[PDB]
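Asker: Structure provided below as structure tokens; questions to follow.
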Amino acid sequence: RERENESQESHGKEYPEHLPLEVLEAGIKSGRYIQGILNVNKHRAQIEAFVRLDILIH
RNA sequence: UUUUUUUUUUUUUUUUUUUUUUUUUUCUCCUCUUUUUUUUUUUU
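The opening residue of the first sequence carries number 153 in the numbering used here; numbering runs sequentially from there.
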């Protein structure tokens, strides 16, 4: 009963689609985008992703 | 004492040509464990 709900609440997209650069210059300048290096744990390597300014990416 | 006649190896040579490696499939796919991540230092 779960199965149909998870498979029909997934549609036809797997990852957020990217977008142009002029957006990213502006979003930096206006001050709504930080940017740093990104590393991952290695005991847990599908969950514990870090965004060196640390931002936890789950 | 036994004469005379019954052809034979197809004829021919003095014709133009402006393309080009290959060639045509097989789907989506659960990476298990003390961690933040350690870090100067000196002898190559």
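Beta carbons: idealized from backbone N, C-alpha and C, even for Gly.
Per DSSP, which residues does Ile-207 bridge with? Please list them.
Answerer: Beta-bridge pairing links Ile-207 to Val-203.
Asker: Helix, strand or coil for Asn-157, going by three-state DSSP, please let me know.
Answerer: In the structure shown, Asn-157 sits in a helix (DSSP, three-state: H, G or I).
Asker: Excluding sequence positions up to five away, which residues of its chain have a Cβ less than 8 Å from the Cβ of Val-192?
Answerer: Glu-200, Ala-201, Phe-202, listed in sequence order.
Asker: Measuring alpha carbon to alpha carbon, tell me which of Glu-166, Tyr-185, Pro-168, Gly-164 ends up nearest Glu-174.
Answerer: Of the candidates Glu-166, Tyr-185, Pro-168, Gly-164, the one whose C-alpha sits nearest the C-alpha of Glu-174 is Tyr-185.
Asker: Going by C-alpha to C-alpha distance, which of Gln-187, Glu-161, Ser-159 sits closest to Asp-206?
Answerer: Closest option to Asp-206, Cα to Cα, is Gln-187.
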